[PDB]
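Each remark here refers to the structure printed beneath this line.
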Amino acid sequence: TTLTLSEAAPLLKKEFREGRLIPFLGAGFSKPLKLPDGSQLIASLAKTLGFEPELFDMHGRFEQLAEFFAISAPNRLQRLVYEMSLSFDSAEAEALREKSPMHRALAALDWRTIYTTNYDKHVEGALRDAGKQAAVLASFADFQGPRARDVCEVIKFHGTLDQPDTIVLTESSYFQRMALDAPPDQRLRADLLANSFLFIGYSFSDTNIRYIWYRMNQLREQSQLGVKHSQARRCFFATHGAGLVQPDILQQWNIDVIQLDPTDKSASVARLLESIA
Amino acid sequence: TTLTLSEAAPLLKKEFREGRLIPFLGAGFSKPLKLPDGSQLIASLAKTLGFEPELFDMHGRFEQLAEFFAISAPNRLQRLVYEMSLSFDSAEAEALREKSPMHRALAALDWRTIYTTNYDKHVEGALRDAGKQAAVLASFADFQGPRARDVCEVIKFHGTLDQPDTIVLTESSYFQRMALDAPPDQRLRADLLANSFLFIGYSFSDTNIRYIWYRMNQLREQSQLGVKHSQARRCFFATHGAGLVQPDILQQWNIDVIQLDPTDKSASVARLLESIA
Amino acid sequence: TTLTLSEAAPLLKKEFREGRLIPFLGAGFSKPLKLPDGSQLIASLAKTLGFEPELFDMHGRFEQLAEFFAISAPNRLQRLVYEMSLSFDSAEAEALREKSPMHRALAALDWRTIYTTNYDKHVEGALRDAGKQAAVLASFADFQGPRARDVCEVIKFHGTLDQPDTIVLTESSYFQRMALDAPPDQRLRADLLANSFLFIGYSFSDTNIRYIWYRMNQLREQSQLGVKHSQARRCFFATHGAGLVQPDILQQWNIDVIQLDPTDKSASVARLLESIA
Amino acid sequence: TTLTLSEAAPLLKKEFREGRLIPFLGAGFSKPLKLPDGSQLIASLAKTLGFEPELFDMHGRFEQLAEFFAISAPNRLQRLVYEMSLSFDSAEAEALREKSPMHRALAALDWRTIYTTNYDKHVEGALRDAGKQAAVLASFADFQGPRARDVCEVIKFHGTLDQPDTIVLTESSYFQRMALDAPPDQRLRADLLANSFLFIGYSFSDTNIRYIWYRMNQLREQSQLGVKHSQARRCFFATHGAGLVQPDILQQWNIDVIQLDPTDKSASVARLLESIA
Amino acid sequence: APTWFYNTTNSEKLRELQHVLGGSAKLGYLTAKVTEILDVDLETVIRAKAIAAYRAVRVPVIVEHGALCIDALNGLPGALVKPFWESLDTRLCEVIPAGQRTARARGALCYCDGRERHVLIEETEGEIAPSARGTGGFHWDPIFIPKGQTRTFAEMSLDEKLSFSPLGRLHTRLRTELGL
Amino acid sequence: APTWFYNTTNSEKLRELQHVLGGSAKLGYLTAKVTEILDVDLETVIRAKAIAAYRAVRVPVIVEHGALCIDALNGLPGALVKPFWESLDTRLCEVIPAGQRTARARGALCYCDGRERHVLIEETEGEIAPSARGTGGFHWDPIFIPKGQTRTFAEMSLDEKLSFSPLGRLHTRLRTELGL
Amino acid sequence: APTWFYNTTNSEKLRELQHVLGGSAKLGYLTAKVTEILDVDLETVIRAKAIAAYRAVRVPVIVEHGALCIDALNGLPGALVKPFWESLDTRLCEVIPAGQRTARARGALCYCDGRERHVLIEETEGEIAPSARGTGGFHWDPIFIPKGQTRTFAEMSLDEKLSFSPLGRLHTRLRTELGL
Amino acid sequence: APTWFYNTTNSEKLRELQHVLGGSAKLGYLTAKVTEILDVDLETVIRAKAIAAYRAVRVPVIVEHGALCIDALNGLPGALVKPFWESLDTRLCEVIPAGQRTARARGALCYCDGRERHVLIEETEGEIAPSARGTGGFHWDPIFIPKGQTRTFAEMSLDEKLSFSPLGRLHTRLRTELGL
């Protein structure tokens, strides 16, 4: 009940040749760029509040500690977003992206729509390193603005660092997005009617991407309510460790799991994106 | 507070040149085709139930009489849809459409997306008379199916006569669509984030299109909730009689009313579509 | 498919003896009080805007004309609510209510919950003329406030005249209430799980009460989604003219129609409420 | 920012004397009954699937392992519910409940409504050991059924073991309940308009009760949308370890944290319920 | 309970109805105000009046309309009872030419149960009168004289008029078709 | 663009209008079908016809109605132009008594911009004719003779009639109040 | 109410604590089970044990750990009190070489209020014993002999041991820093 | 594609593995960092290390752990390879008493495919050495001497050691049970 690299490649070619494949890229896609990971982001700013960094981490998850940090002082969460915009969107991560085999294999394919859940600019900047044009879509003013027709639309599902009022980082903002009323959510409601999705760079214990996987399947079955039940397109999830229980759960959420080789994790995702071509 | 033909034309050119104008076509757009109008559709089938046609009309509106006709016999509403498919999609209405100046002025513009609320095939057939390709999108199986990229997508907001399980004709089916959970509604939620709408062929006393006008404005203001309030694009409604109260109401629903010349109603809509070019 | 007075009385006794009958009272329940009816409410205030009263009525329905009147001047809709509070809640309507046989037959029964859609105070004042205590529930501050246990809770579904920010009178406020997010709507979502409803004083062409009838049936079938389908309680609608199509529609909305004698409309509703005892 | 036992007692008396206090009881309320806790429930049934119990636990959380167990065989999740109904509702847990000081201090107060999230019958059985009558409300057929007026209504928010189609135990059933469309959710939407809540027996890392705490606050602020903002009632959460970050988060969700003495956890909750009297 | 509900707004037509069909247990009486349809043809007015009455009351309803057709005026009033009566109460004995002096009095019932309509039409003619004579009647009864009589409608008693008038024979026919 | 839109359904009334106000740049013409209100009083009909026309077209509209009032019939037709014309085309020269032979011809315009109504009423009387004479006119022009003339409306030319008819002086007054 | 909650799982360490700080009104006692961190360095174990205890109880907590460092084994046990005690109860008097026979006994407290940690470390050394002598103690008290004494820890009374042991001087220092 | 993925973090253990099972087409190699479980019993450590490795990589994984059990110390180190090596690199030839001088070297593999675990245990004993002799080995190979030999582990070549060491016979048994 788990695909390999070689038997997922003719299934991902067919969805790409007819323009119906959308990558949905997570935080493990930004792993070769050597970015901070929240274990030293707000644990470093915990010394401003007055804690020890190993002891601030003790009181909850990162989204809960960020909610405490936002209700502490007026204009305090913007200290973290400006610190993330200098660490994630730094010139050292620009130079690693230009040599990264995943970001080259992603940008060598003519995509129409890319979703990503991470706040850095390295999916758009990957397309612009290959000489292609990308349109960043985070806010209502971005959807309203003018574009061309051929341009790949990069949808920032949890916001951009240069528009800090779009960031989904507080636990309350994660809870607010489960209603699916944000502008990236309204775009997702129409894209799931027509497209297949390729999820890259998530864990099985993420619990935000598992809700989206449940809720996409529910909106896809609610779509064909009055009409007869027709066989829909299949979504995909590329992993380096699949295991023995979680691939069987995602089958009822219209998701096939692709087992990639865990010996070199960045090379195996690069071989998956190069077989779509 | 009401535009003329000449001062709405540079405002509709600007939305069309950047590909952000969507026609939303009603039942008055199908008026030159000399189709039946429900005063003799189910009043003719009322003699099967046993009524007089002037007396069946007495007991409610057409959507309510169609709900009674659907709960009367098993497989009875499909008698009406097959009768509508022979009267609306008839060869006499095909020949009037090929000579109609509105259907030629609509098809001479390279549209990306056309919404329509009427069940006949005369918006797609207008584009195919001009040698252009159209894609009919009514059900989930239509959104999932393959298309090209340049093809104008004709969205049937209340269904097609050749797919009778998509028709919105019973009062209960009008009430069910106010939740905006159907596949044409999920597509509309994403199109209102980016586009202007040109409403042609409705009355001010329709009360289904007034709910959509309210609900599009609410979803557009819910879209820019967390971000600062930015000025959105303007929707348009072309009418041959505007009056003195209804243009001021639609201003709070992001709709400007265009007053067209009522002396020849089909020629004036044709001059509006020819000034967009 | 229509009950009489005598064969609806043992069915309304059984729902009342076990405390599961809720009256849902409309505008025809306030007809013996000789109140204005909107044909001379805002047509009288139309001379302030500058219209003739027969010509202001020409431009739309009353909820649409009230929306125009609200967007005309700042603090202008409060002129109408203060004029309605002096005409509907007047001392002449107090004295007719004390002699009214419907308001005496309503107040002689120990109710737990009364819903009403009209803004006047004559359902609470009827209970207080019989020496009973009533609690008016319109806003969030009314639900939060303290009550006793035995007191009948009168729920003002469209607001009270002494709290003008609760009035549902503009078309946009009717459209906003179709989401069922107001505090009287959240109370209705829990009361429809357990109770039967007796609708008195509505027309079949109201189109706001028809949506509530559709939406109560949908929430009652959504309630028993995962469990097996059990036979629910029956709602009732007392009318003086039932007709030949509308009783068959309301059967699919869990509503039985009671035909009352149209020779004296106020006496026949009084005989219905006196047979519940 | 954290109450003690002695300064939460006059605040819980005032909400109880006016009948506006509702206990919302969790799994730590059933801790003195020595019940299994899921570490040996489905790890014991994992030998039927063929795993080792320490290795079945490795592949996900308990709600995810229960979803795998439900999709394994037809009529397989009912093996677990019948095993839970013999372990949780056993005669040894009946005899511990009759000697438990929390279940006696809960039942000695005349409550109107008790919510609980655990599937065992030990909140109703506690009231019946004190000679009081309780009504179990889990399904639509329970809300429709007849009751008396004085009887405390025990609302089973995640189902009862003797009605297995009401159990919320699969991850997909937890995700389905976040829409708040179930009959215990529709009752909660109306109870939060009027009442204070006393949460006993939860952890700060539960993430299902944190969503309900977010979503109750959102529905309480959506309630007072059009009217002016009035100060609502306060909810409470009794804990034996509060910590230093989580009490400040719950303050923005209208929840005050009560710090109880952790030396004897069952005695301290018993002293809290005995000070409400 | 009543099944059929007669609708009327003229109180003198109501008294003549209840003189005949007043003892019927299954006929109710309503006084709903409907907008009167104006046309010369009686068949057209009474058939359109039953829809306007059923929209008002939504019970099985019976309506009624009268007509006077003057041979010296080529119809006229016909079923235009309202606009001539509002201006020419009984002056039609004078605006008629004195030569021909011959007219027809017509009445019509219509009962609609929501599905079907049924129209009953009865007709009586004698002549028109030179002078308004008599008191008890409605709308043109003082100036109408049937054949074989020298005594007008309004000069007769209530039992004498219903043996001659159109509305007296319609109420007998209405009984045997609806039971009543 | 036109500002005011004259509404009419009779094609002969349209030709006489465009003979006078045809060169006006700001008057459009519509032919929307409205339900005709029947009453004897002209002021009441023309004031209610403008609402029924504004509901049909929802532009600033001008309507028109004519009336003939016969002194030997106490009004009658009045503004009931439709039900007499459908049955008594030109026979009113014969159903009139030959004694008095005196009538009044009236016309009325009404223009409604959605807020206000304004009614213009002009009146002309001479007598009625013994015999229908003339061809060019509409509805009673062959049988109407003004004062000081032996020649009827329909025996006159189009420029001769508008110097005498009510509708000829209304169109002059309509110009100077709306600009046109 | 107590403010600081001492956490322990060994019942003999609890008796020696309550002999000293038992009359303190603001010290509670918890017996939450925490996973013991294994390392040789005492400073590292006691600093990581306070986080594992605060995650269990989430009140201001005090923890404690002991260590024995033998100079003839280059540390060893150190803060590995658990895996040597599970296999070598008192046999360390025999697996030691009989030559050097010199060791150090160390104890450590750590109190964490959720923000900060503070570590108190006290140290005592005399030698190790040839034979297990004495009964009253915990984990290595029969085989430890301080300097200037011939009598072991477990051969002494409870008041004699706390004048010499590391844990006796830590509890005095814990009082004057937290009030207690 | 590989099916089983050997996990290791010591680079010298990796070189000795790939000397034997390097030509196997279906064995991959991972270097995921797992938290080492500390206990004296080898069966307990290797069985708990396979869960900590499967949580890290979630592929069918093979782990490995070694143990040295000294009869003059009653076990000790056992499977506590980490805390003795961090402080007593090769000094165990000196902290041992010079009398008995006898120990056992043990190794263990465990392969977990997500459902089941299987533990392979091999054991070798000769004595311990007076002095650290030899260079090529890992963790205690210079001071261990098997029976019938005067030459230590680290004084031998790589092919000589795998004929004697526990880890040399485990890799032969691992081949014939997983195919490889």
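Protein chains in written order, with the authors' numbering: chain F, 2 to 278; chain G, 2 to 278; chain H, 2 to 278; chain E, 2 to 278; chain D, 2 to 181; chain C, 2 to 181; chain A, 2 to 181; chain B, 2 to 181.
Just so it is clear, CB atoms sit at the ideal spot from N, CA and C, and this is done for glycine as well.
(1) In terms of residues, what are the limits of the alpha helix (DSSP H) holding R62/F?
(2) Output the boundary residues of the alpha helix (DSSP H) element that contains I277/E.
(3) So if I threshold CB-CB distances at 7 Å, which residues from the region 99-112 of chain A count as touching chain E?
(4) Under 8 Å by Cβ, that's how I've got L199/F and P24/F pegged, so tell me the actual separation to the nearest angstrom.
(5) CA-CA distance, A191/E and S224/E?
(6) Quick one, are the C-beta atoms of residue 1/F and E154/F less than 8 Å apart?
(7) Using 10 angstroms around the beta-carbon of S73/G, count the other beta-carbons present and answer buried if the total reaches 16, otherwise exposed.
(8) Mind listing, in chain order, the continuous beta strand (DSSP E) runs of no fewer than 3 residues lying wholly within the region 21-89 of chain F?
(9) According to DSSP, is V58/A helix, strand or coil?
(10) Whole-angstrom Cβ separation of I213/H and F238/H, contact assumed at under 8 Å?
(11) Fully enclosed by the region 103-155 of chain F, which beta strand (DSSP E) runs are 3 residues long or longer?
(12) Taking just the CA atoms, how far does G76/A sit from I256/E?
(13) Quick check: is the beta carbon of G29/E nearer than 8 Å to any beta carbon in chain B?
(14) Does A191/G have its Cβ less than 8 Å from a Cβ in chain F?
(15) Tell me whether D257/E sits in a helix, a strand or coil according to DSSP, three-state version.
(16) Going by C-alpha distance, which of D166/H, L274/H, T171/H is nearest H230/E?
(17) Assign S197/F to one of three DSSP states: helix, strand, or coil.
(18) Taking the Cβ atom as the reference point for each residue, do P248/F and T2/F lie within a distance shorter than 8 Å?
(19) Does any CB atom of chain C fall closer than 8 Å to the CB of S88/D?
(20) Considering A73/D, what are the terminal residues of the beta strand (DSSP E) in which it resides?
(21) Going by CA-CA distance only, name the one from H60/F, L162/F, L12/F that's closest to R116/A.
(22) When you check each C-beta in the region 132-166 of chain C against every C-beta of chain H, which residues fall closer than 9 Å?
(23) Count the other CB atoms, across all protein chains shown, that sit within 10 Å of the CB of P75/H; report buried if there are 16 or more and exposed otherwise.
(24) Listing by chain order, which chain F residues have their CB less than 8 Å from the CB of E68/E?
(25) What is the C-beta distance between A130/A and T103/A, in whole angstroms, given that I count them as a contact (C-beta under 8 Å)?
(26) So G51/H contacts chain C; which residues on that side make the cut at Cβ distance below 7 Å?
(27) In this structure, what does DSSP give as the bridge partners for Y212/F?
(28) Which residue wins for smallest C-alpha separation from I63/A, given the options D42/A, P3/A, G24/A?
(29) Quick one, which residues of the region 174-200 of chain E are near chain H if we go by CB-CB under 7 Å, in chain order?
(30) Using CA atoms only, rank isn't needed, just tell me which of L36/E, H123/E, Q232/E is closest to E84/E.
(31) Just the Cα atoms here: how many angstroms apart are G132/G and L107/G?
Looking at the atomic coordinates:
(1) Residue mapping note: residue 62/F aligns to position 61 of the first sequence, counting from 1. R62/F -> no alpha helix (DSSP H), and no H or E assigned at all.
(2) If you number the fourth sequence from 1, residue 277/E lands on position 276. Per DSSP, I277/E belongs to the alpha helix (DSSP H) from 266-277.
(3) If the cut-off is 7 Å between Cβ atoms, the region 99-112 of chain A has nothing near chain E.
(4) Along the first sequence, one-based indexing puts residue 199/F at 198. Along the first sequence, one-based indexing puts residue 24/F at 23. Contact holds; Cβ gap of about 5 Å.
(5) Reading the fourth sequence from its first residue, position 190 is the one you call residue 191/E. Reading the fourth sequence from its first residue, position 223 is the one you call residue 224/E. Straight-line measurement puts the Cα of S224/E at about 10 Å from the Cα of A191/E.
(6) With chain F represented from 2 up to 278, any question about residue 1/F goes unanswered, as that position is not in the structure.
(7) Taking the first residue of the second sequence as 1, we reach residue 73/G at position 72. Under this definition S73/G is an exposed residue.
(8) If only uninterrupted beta strand (DSSP E) runs of at least 3 residues are considered, those enclosed by the region 21-89 of chain F are 22-26.
(9) Looking up residue 58/A in the seventh sequence gives position 57. For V58/A, the three-state secondary structure derived from DSSP is helix.
(10) For this step, residue 213/H is matched to residue 212 along the third sequence. For this step, residue 238/H is matched to residue 237 along the third sequence. The beta-carbon separation of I213/H and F238/H, rounded to 12 Å, does not stay under the 8 Å limit for a contact.
(11) Inside the region 103-155 of chain F, DSSP marks whole beta strand (DSSP E) runs of 3 or more residues at positions 114-117, 135-138, from first to last along the chain.
(12) Translated into positions along the fourth sequence, residue 256/E becomes position 255. Translated into positions along the seventh sequence, residue 76/A becomes position 75. Looking at the two C-alpha atoms, the distance is approximately 52 Å.
(13) In the fourth sequence, the residue the question calls residue 29/E occupies position 28. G29/E does not count as touching chain B.
(14) Here residue 191/G refers to the residue found at position 190 when the second sequence is read from its first residue. The beta carbon of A191/G falls within 8 Å of a beta carbon belonging to chain F, placing the residue at that interface.
(15) Residue mapping note: residue 257/E aligns to position 256 of the fourth sequence, counting from 1. If DSSP states are grouped into helix, strand and coil, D257/E belongs with the strands.
(16) Walking along the fourth sequence from the start, residue 230/E turns up at place 229. Scanning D166/H, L274/H, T171/H for the CA closest to the CA of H230/E turns up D166/H.
(17) In the first sequence, counting from the first residue as 1, residue 197/F sits at position 196. The three-state reading of DSSP puts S197/F in strand, counting E and B together.
(18) The residue labelled residue 248/F in the question sits at position 247 within the first sequence. The residue labelled residue 2/F in the question sits at position 1 within the first sequence. Taking 8 Å as the cut-off, the beta carbon of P248/F is found closer than this to the beta carbon of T2/F.
(19) Mapped onto the fifth sequence, residue 88/D falls at position 87. Closer than 8 Å: yes.
(20) As a working note, residue 73/D is residue 72 in the fifth sequence. For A73/D, there is no enclosing beta strand (DSSP E), as DSSP marks it with neither H nor E.
(21) Position 115 of the seventh sequence, counted from the first residue, corresponds to residue 116/A. By alpha-carbon distance to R116/A, the top candidate from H60/F, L162/F, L12/F is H60/F.
(22) Within the region 132-166 of chain C, no residue has a Cβ that lies closer than 9 Å to any Cβ of chain H.
(23) As a first step, residue 75/H must be located in the third sequence, where it is residue number 74. So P75/H ends up on the exposed side.
(24) Position 67 of the fourth sequence, counted from the first residue, corresponds to residue 68/E. Result: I250.
(25) Looking up residue 130/A in the seventh sequence gives position 129. Looking up residue 103/A in the seventh sequence gives position 102. Not really, about 12 Å apart at Cβ, beyond 8 Å.
(26) Taking the third sequence and counting its residues from 1, one reaches residue 51/H at position 50. The answer, in chain order, is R116.
(27) Residue numbering aside, residue 212/F sits at position 211 when the first sequence is read from its first letter. Residue pairing by DSSP places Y212/F in no beta bridge whatsoever.
(28) Within the seventh sequence, the letter at position 62 stands for residue 63/A. Looking at the Cα atoms, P3/A is the closest of the given residues.
(29) Taking 7 Å as the Cβ-Cβ cut-off against chain H, the residues of the region 174-200 of chain E that qualify are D182, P184, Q187, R188, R190, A191, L194, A195.
(30) Position 83 of the fourth sequence, counting from 1, holds the residue named residue 84/E. Of the listed residues, the one whose Cα sits closest to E84/E is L36/E.
(31) Sequence index remark: in the second sequence, residue 132/G carries index 131 (1-based). Sequence index remark: in the second sequence, residue 107/G carries index 106 (1-based). For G132/G and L107/G, the distance between alpha carbons rounds to 13 Å.
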